[PDB]
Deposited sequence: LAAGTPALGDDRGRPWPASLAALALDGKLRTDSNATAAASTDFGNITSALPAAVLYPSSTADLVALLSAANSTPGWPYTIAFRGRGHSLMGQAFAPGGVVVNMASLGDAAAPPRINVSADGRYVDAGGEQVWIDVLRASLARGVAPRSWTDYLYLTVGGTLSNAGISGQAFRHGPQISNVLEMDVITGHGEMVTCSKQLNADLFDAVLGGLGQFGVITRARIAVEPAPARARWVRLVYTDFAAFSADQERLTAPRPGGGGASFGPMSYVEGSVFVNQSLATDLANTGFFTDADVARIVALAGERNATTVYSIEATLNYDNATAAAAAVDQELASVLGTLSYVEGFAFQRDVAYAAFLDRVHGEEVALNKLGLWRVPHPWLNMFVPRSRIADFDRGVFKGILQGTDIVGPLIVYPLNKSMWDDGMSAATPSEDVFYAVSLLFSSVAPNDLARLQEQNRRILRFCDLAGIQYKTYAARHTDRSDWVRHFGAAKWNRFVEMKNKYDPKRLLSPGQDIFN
């Protein structure tokens, strides 16, 4: 038996079972696992989501799990609802306006379904921009907020979950709830890094700053991991006040075997730069090369170019990169922020949405990052052909709210480590998946207390270890309060 509001969605053609709809919602960016849903919902307003979830809560024996597909950027089926209902969130963006910049210019309201690129465009039109980003802008507000949302700005602003004033969340009961640190703080905390377990974000209120016009964009080259890591930490350390001048700090690892090809494929270095770095590696007999990637944001002011030149020259003077290996670009701010989709349209060397992506993303405590470098970059990854960036950069724990669902290492400094392998042949995929297990096995045996990011575990004890036992208890508490029927985002494999 169906409720009247639920059947209306089927009547309006919003709830679909055709092979076209179900197929499109059965694969994801990872391109490794697939799972057909029974149906796909295309909501025209938030009321349609209320209707679906109210029906689910007020129908005994309801057998259909529900997932909220943003853009399906998930790597291992986290956005699937096997034999259930997948919500095509983007359908919410098809009047009223889905992105509302505040009157006072302090925040931007965006629909959970909206992709960050559009949030950026609407913000820039009104002279503002969010402060904390992801590397890739074609992800959804609600998708990144269910994880954390990390990029090179997070060391100073925290992850994207640390830059949300409030949210509208339709809970697993079918109830629209507005939440913040004040009103319904428990739900607010649960949903942020919550892996879609407690409800769907329909609106997020995102902190903004005045929009810079340009980014001075620099790469610094190292052959010594100790110098590389020390300088990253120097650039990201809190002052004896706030954080230094840098707007963004990330880093890259280049393995010797494919050094020239990989440097050239950054889209940053010229062929002249590449030849010099390759020569440097040969001179130092390096099996690995490291590059800090950093920016300084500034405006159109006439002095700004000179002020940034002085600020940068000052900053660079404290660093220990190989003398003469500072490489400098200057681009529009939006161009920098959208660099990754920029490459996707340009070349798509990584076969985004085209080939399998057995990506490994994790947080590594600072005290063990040198061991990780030895065991992985100078160990496991040596003598292999790698297609895809190896990104390494430190984060400050102080800018993370451990009350929120997202799990991080306990140390004050930890590194985002993103091994973004793209698979060609099928034997490459199995090799890469094995290599990922081998990396995690290494860390386990070495006693490295890492946390995975944007990964799903298939074992209960693994999820318990992931959150920590005490934090796990409050995760289950929130699951019982907000999704007692355990229908939401089953692809995370936490309660399903």
| property | result |
| --- | --- |
| Gaps in the model, given as deposited-sequence positions counted from residue 1 | 1-14, 109-110, 257-260 |
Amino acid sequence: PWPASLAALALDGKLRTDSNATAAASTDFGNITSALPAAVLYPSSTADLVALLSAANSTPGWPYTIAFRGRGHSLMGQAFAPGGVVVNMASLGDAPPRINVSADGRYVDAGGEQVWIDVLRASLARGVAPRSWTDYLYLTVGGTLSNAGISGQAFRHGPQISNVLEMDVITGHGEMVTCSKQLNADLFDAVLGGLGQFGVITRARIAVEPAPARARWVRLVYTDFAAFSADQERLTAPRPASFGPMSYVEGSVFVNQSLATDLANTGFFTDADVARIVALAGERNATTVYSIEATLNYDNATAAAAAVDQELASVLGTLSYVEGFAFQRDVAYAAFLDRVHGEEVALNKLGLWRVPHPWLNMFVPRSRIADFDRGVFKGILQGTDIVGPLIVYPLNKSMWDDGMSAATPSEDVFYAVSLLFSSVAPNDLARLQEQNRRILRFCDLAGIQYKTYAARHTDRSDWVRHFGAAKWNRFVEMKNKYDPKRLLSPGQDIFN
From here on, numbers count along this sequence of modelled residues.
{"item": "355-363 versus 108-116 - which carries the larger mean C-alpha B factor in the record", "value": "108-116"}
{"item": "184-192 versus 407-415 - which carries the larger mean C-alpha B factor in the record", "value": "184-192"}
{"item": "Identity of residue with top Cα B-factor, from 468, 30, 447, 63", "value": "63"}
{"item": "Identity of residue with top Cα B-factor, from 373, 262, 273, 385", "value": "385"}
{"item": "Ranked against its chain, the third holding the CA B-factor of residue 156", "value": "lowest"}
{"item": "CA B-factor ranking of residue 333, expressed as a third of its chain", "value": "middle"}
{"item": "Entry-reported Cα temperature factor of residue 98, expressed as the chain third it lands in", "value": "highest"}
{"item": "Chain third (lowest, middle, highest) by recorded CA B-factor, residue given as residue 26", "value": "middle"}
{"item": "Lowest, middle or highest third - CA B-factor, residue 310", "value": "highest"}
